[PDB]
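Notes for the one structure printed next.
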Amino acid sequence: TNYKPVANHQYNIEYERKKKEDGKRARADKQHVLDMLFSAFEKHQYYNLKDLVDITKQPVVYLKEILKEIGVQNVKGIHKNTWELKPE
Amino acid sequence: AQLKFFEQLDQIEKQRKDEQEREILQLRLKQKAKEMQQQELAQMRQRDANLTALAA
Amino acid sequence: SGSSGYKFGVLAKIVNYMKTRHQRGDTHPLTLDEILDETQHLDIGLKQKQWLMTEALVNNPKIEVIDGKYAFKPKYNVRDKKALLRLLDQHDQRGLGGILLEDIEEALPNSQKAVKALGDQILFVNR
Amino acid sequence: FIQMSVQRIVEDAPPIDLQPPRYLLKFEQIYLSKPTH
Amino acid sequence: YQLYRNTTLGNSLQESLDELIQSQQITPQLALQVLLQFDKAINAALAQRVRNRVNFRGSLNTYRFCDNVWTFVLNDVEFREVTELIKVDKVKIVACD
Amino acid sequence: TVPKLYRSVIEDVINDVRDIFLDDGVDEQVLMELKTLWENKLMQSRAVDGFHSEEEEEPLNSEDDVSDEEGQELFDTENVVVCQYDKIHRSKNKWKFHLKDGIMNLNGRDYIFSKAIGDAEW
Amino acid sequence: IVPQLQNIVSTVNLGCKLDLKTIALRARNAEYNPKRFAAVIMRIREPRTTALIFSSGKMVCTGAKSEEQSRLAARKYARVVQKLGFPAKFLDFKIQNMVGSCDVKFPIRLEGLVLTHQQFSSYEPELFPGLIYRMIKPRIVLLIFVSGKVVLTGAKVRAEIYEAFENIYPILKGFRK
Amino acid sequence: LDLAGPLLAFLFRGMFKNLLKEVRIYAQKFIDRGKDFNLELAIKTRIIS
């Protein structure tokens with residue numbers, strides 16, 4: 001019933017993926033990221049934070065700071081803290 | 001250059017089609033998401049071309 | 001998406017560049033061409049430059065231009081970083097509605113100003 | 001209960017579906033071995 | 001990858017393109033579109049057309065890795081492919097993933 | 001087997017830029033002029049014939065040196081190899097290269113490989 | 001027996017903000033891949049040494065086999081930064097550790113009294129054959145391989161490596177096969 | 001008249017369903033990370049015993 005495996009097979013598979021894309025990324029070129037975010041904002045005035053996280057390789061915390069600068073998060077009553085361009 | 005200008009005027013008819021595209025901006029969303037992916041790919045490839053220029 | 005000229009948010013970069021020099025402490029009135037030269041977007045094309053003046057500059061609610069050269073628009077008052085004691089002296093003004101976003105960048109880090117303020121009669125409380 | 005009903009209870013039970021990829025589990029024939037401690 | 005533009009093939013192309021612009025035959029922008037077409041075409045042809053199995057060796061100098069592209073420079077090297085052998089004392093190697 | 005690939009690629013590219021040319025308002029004679037210009041250059045360089053050719057904490061600089069002029073790396077005539085890397089490996093100063101799809105212009109001659117394996121000490 | 005130093009790891013502050021991308025493109029033999037790690041790895045041939053030069057101006061140097069070699073290599077790395085054009089300074093060249101290796105020259109088995117007491121010794125055969133004898137009075141970790149090679153690690157100064165080996169020498173002499 | 005077998009079946013029937021339910025919950029969580037599960041570690045041996 002009980003074998004002697006060293007590294008569980010499931011654990012070894014995630015490792016290669018976790019290595020391939022080292023977690024998230026670094027913190028730079030915010031203006032270049034802003035132009036890409038603006039193209040996404042044109043597609044939808046309010047954009048889900050999780051969808052933006054998929055769009056940007058950079059870490060969520062760094063992305064949130066850029067998103068807060070462009071506009072205040074608005075819940076919209078649907079949750080997800082949708083991000084919209086500031087009226088100013 | 002006047003033929004060039006009238007070709008530009010048909011491009012302006014294409015831009016009236018682009019005003020329809022301004023009304024356009026679902027399937028259009030998937031295509032523009034593909035365009036965002038393409039813009040990231042283009043930044044990466046421009047950096048690759050900069051590397052090729054060092055090779056040049 | 002209405003009408004957009006060349007790269008998206010060229011105006012936003014122009015606003016950021018205008019903000020950067022003021023925070024740096026080098027303040028000069030800048031024409032739209034001068035800000036475009038600083039951003040390196042000056043060769044954006046004649047139609048795109050005209051679009052920025054006609055729509056992007058007009059869109060901003062607080063945009064201020066003295067005459068030939070545009071002037072800082074987010075804060076009408078210059079970021080002097082001085083006479084804070086004088087601002088306190090008028091209690092009714094109460095520092096002219098001073099904002100933390102305006103501070104921590106006027107010409108020095110807020111923490112250095114806070115150490116000077118603590119020694120002075122001025123007291124800082126943040127609701 | 002051992003000889004017949006137990007095989008029938010495991011053999012006949014809802015198939016396990018769990019999904020992107022999905023995962024299927026199917027039960028076969030129950031074996032019972034003499035008491036052992 | 002705009003990798004193969006500075007090759008005999010790719011440069012002869014660019015030179016040809018530059019001249020047409022100068023003689024008002026073609027214009028730029030269209031020329032960029034042509035280069036883009038070239039990238040797809042050279043890449044496609046390389047991966048599926050001809051293959052050779054070989055064996056080899058070298059001696060290192062500089063290396064660089066950026067944009068997932070390795071650029072080496074070997075000195076006093078020797079690269080033999082199948083029957084043919086080469087005697088090189090200065091070789092630059094650019095390699096994409 | 002190399003002039004063949006080049007013809008192959010030139011043909012394929014010409015047929016694909018044909019569409020671009022006509023759509024950008026271009027006579028097909030200028031497309032055939034491009035082909036001719038392209039062929040001419042290679043036939044003039046005479047690198048090969050072909051089927052189209054048939055037609056104190058501060059004074060840090062006192063000792064100096066330790067590094068060398070970076071010009072020793074660039075000649076512009078240096079044997080240039082373009083290839084695809086599978087795995088590059090380095091233990092201590094020992095490097096091993098696992099390369100593929102490469103075109104090697106060396107000793108003046110042109111070579112190709114689907115795979116190349118090398119060894120070098122740094 | 002006298003232990004021989006095999007590795008010196010040192011940290012030296014260059015004193016100013018450095019742009020990593022510019023350093024990688026110019027300085028020869030300098031790999032800077034952001035995804036795997038955040039620092040430029042620079043290697044020099046004359047004294048073997050691999051150095052990670054960090055972005056905020058802190059440099060860690062490794063691979064040197066003596067006290068003088070580590071300082072000389074670090075000075076050369078600082079000189080290269082000055083040659084690039086970044087302002088370069090040398091600050092607190094402080095050794096962090098010196099791994100040393102030696103052979104007692106006799107076979108060693110410590111198992112007989114390990115069973116009775118193992119306060120300073122921890123040994124698991126599956127994890128590794130070597131037994132780790134973390135020692136408190138001179139802070140070092142000494143690992144005994146059954147063959148007799150002892151590797152001492154963690155010593156911030158040259159004297160500690162020698163003192164620990166002299167201290168552990170009687171225990172091994174007692175358990176000599 | 002119910003006997004020993006037809007009463008143990010009523011007890012066994014539901015408990016086997018409980019092992020199957022549990023297998024679903026455990027593997028479900030793992031499938032979500034995309035990790036992939038192992039049914040040998042998914043069966044909780046004590047639900048029937």
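Just remember, in the structure tokens the first chain shown is A, the second B, etc., residues are 1-based per chain, and ligands are 1-based in the order shown.
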Checklist entry - Out of chain C, which residues get strand (DSSP E or B) from DSSP, as a list in words? => result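 The strand (DSSP E or B) subset of chain C is residues 30, 64, 65, 70 and 71 of chain C.
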Checklist entry - Within 8 Å of stretch 15-31 of chain D, counting only C-alpha atoms, which residues qualify if same-chain residues fewer than 3 places away don't, as a PyMOL selection string? => result (chain D and resi 6-7+10-11) or (chain H and resi 20+24+27-28+31)
I need the residues from that last selection saved to file as an mmCIF file, in the first residue's frame (with C-alpha atoms), if you can.
```
data_model
loop_
_atom_site.group_PDB
_atom_site.id
_atom_site.type_symbol
_atom_site.label_atom_id
_atom_site.label_comp_id
_atom_site.auth_asym_id
_atom_site.auth_seq_id
_atom_site.Cartn_x
_atom_site.Cartn_y
_atom_site.Cartn_z
ATOM 1 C CA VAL D 6 -20.553 -4.792 -1.430
ATOM 2 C CA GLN D 7 -19.432 -5.220 -5.026
ATOM 3 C CA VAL D 10 -19.099 0.348 -5.201
ATOM 4 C CA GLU D 11 -19.624 -0.851 -8.776
ATOM 5 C CA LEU H 20 -16.631 9.311 -2.769
ATOM 6 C CA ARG H 24 -14.302 14.919 -4.750
ATOM 7 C CA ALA H 27 -9.069 16.496 -5.459
ATOM 8 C CA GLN H 28 -11.202 19.473 -6.391
ATOM 9 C CA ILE H 31 -7.249 20.447 -9.451
#
```
Checklist entry - If you count only C-alpha atoms, which residues fall within 12 Å of residue C:127, apart from same-chain ones fewer than 3 positions away, as a list in words? => result residues 99, 100 and 124 of chain C
Next on the checklist: Neighbouring residues of residue H:5 were defined as those with any atom within 7 Å, considering only C-alpha atoms; residues of the same chain fewer than 3 positions away were excluded. Please report them as an NGL selection string.
Outcome noted: (:D and (1)) or (:H and (8-9))
Take the residues from that selection and put them in a file with N, CA, C and O atoms, as a short mmCIF file (atom, residue, chain, number, x, y, z; two decimals), in the first residue's frame.
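Written file, out-v5.cif:
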```
data_model
loop_
_atom_site.label_atom_id
_atom_site.label_comp_id
_atom_site.auth_asym_id
_atom_site.auth_seq_id
_atom_site.Cartn_x
_atom_site.Cartn_y
_atom_site.Cartn_z
N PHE D 1 -23.49 -9.82 2.17
CA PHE D 1 -23.07 -8.39 2.26
C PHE D 1 -21.66 -8.30 1.69
O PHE D 1 -21.36 -7.33 0.97
N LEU H 8 -26.26 -4.03 7.53
CA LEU H 8 -24.93 -3.48 7.25
C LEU H 8 -25.00 -2.78 5.88
O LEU H 8 -24.42 -1.73 5.76
N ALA H 9 -25.75 -3.26 4.90
CA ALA H 9 -25.70 -2.57 3.60
C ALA H 9 -26.17 -1.16 3.81
O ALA H 9 -25.56 -0.29 3.26
#
```
Checklist entry - Near stretch 24-38 of chain B, within 7 Å and counting only C-alpha atoms, which residues show up once chain neighbours fewer than 5 positions away are dropped, as a PyMOL selection string? => result (chain A and resi 36+43) or (chain C and resi 1)
Would you put the residues from that selection into a file with N, CA, C and O atoms, as an mmCIF file, in the first residue's frame?
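See part-v4.cif below for the written result:
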```cif
data_model
loop_
_atom_site.group_PDB
_atom_site.id
_atom_site.type_symbol
_atom_site.label_atom_id
_atom_site.label_comp_id
_atom_site.auth_asym_id
_atom_site.auth_seq_id
_atom_site.Cartn_x
_atom_site.Cartn_y
_atom_site.Cartn_z
ATOM 1 N N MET A 36 -0.383 50.822 -22.367
ATOM 2 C CA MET A 36 -1.069 49.520 -22.572
ATOM 3 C C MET A 36 -2.373 49.496 -21.767
ATOM 4 O O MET A 36 -3.396 49.030 -22.308
ATOM 5 N N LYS A 43 -11.186 49.681 -24.395
ATOM 6 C CA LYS A 43 -12.073 48.516 -24.659
ATOM 7 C C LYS A 43 -13.220 48.514 -23.644
ATOM 8 O O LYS A 43 -14.379 48.337 -24.071
ATOM 9 N N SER C 1 -14.239 54.931 -28.990
ATOM 10 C CA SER C 1 -13.169 55.581 -28.186
ATOM 11 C C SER C 1 -12.949 57.014 -28.685
ATOM 12 O O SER C 1 -11.879 57.581 -28.389
#
```
Next on the checklist: What's around stretch 92-106 of chain G at 9 Å? Count only C-alpha atoms, leave out sequence neighbours fewer than 5 positions away in its own chain, and write the answer as a VMD selection string.
Outcome noted: chain G and resid 1 to 13 65 to 67 70 to 71 74 147 to 158 161 to 162 165 169 172 to 173 176 to 177
Could the residues in this selection be saved with C-alpha atoms as an mmCIF file, in the first residue's frame?
```cif
data_model
loop_
_atom_site.group_PDB
_atom_site.id
_atom_site.type_symbol
_atom_site.label_atom_id
_atom_site.label_comp_id
_atom_site.auth_asym_id
_atom_site.auth_seq_id
_atom_site.Cartn_x
_atom_site.Cartn_y
_atom_site.Cartn_z
ATOM 1 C CA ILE G 1 47.303 19.186 10.271
ATOM 2 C CA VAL G 2 46.729 22.829 9.133
ATOM 3 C CA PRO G 3 43.353 23.602 7.444
ATOM 4 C CA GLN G 4 43.550 25.422 4.048
ATOM 5 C CA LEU G 5 41.011 28.220 3.198
ATOM 6 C CA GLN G 6 38.900 27.447 0.074
ATOM 7 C CA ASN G 7 36.342 30.348 -0.218
ATOM 8 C CA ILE G 8 36.123 33.998 0.955
ATOM 9 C CA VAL G 9 32.739 35.787 0.555
ATOM 10 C CA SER G 10 32.943 39.597 1.069
ATOM 11 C CA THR G 11 30.582 42.606 0.821
ATOM 12 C CA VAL G 12 31.856 46.060 -0.289
ATOM 13 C CA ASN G 13 29.704 49.147 -0.786
ATOM 14 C CA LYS G 65 41.100 31.430 -1.972
ATOM 15 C CA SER G 66 42.825 33.821 0.508
ATOM 16 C CA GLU G 67 42.281 37.127 2.426
ATOM 17 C CA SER G 70 39.388 38.699 -2.084
ATOM 18 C CA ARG G 71 40.439 42.347 -1.456
ATOM 19 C CA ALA G 74 37.024 43.560 -5.146
ATOM 20 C CA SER G 147 36.765 8.841 5.239
ATOM 21 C CA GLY G 148 38.288 11.558 7.463
ATOM 22 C CA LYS G 149 38.008 14.795 5.438
ATOM 23 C CA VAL G 150 36.620 17.564 7.748
ATOM 24 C CA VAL G 151 35.173 20.777 6.170
ATOM 25 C CA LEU G 152 34.889 23.790 8.570
ATOM 26 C CA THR G 153 32.431 26.571 7.561
ATOM 27 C CA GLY G 154 31.088 29.884 8.947
ATOM 28 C CA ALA G 155 34.314 31.395 10.328
ATOM 29 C CA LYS G 156 34.448 35.227 9.979
ATOM 30 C CA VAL G 157 38.247 35.254 10.646
ATOM 31 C CA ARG G 158 41.256 32.993 9.845
ATOM 32 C CA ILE G 161 38.998 27.828 11.382
ATOM 33 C CA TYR G 162 42.309 26.728 12.980
ATOM 34 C CA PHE G 165 39.989 21.979 14.203
ATOM 35 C CA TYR G 169 40.930 16.917 17.095
ATOM 36 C CA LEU G 172 38.202 12.267 16.664
ATOM 37 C CA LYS G 173 41.468 10.891 18.133
ATOM 38 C CA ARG G 176 39.864 6.577 15.817
ATOM 39 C CA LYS G 177 39.184 3.114 14.300
#
```
Checklist entry - Taking only C-alpha atoms into account, what are the residues of chain H at most 12 Å from chain A, put as JSON, numbers by chain? => result {"H": [30, 31, 33, 34, 35, 36, 37, 38, 39, 40, 41, 45]}
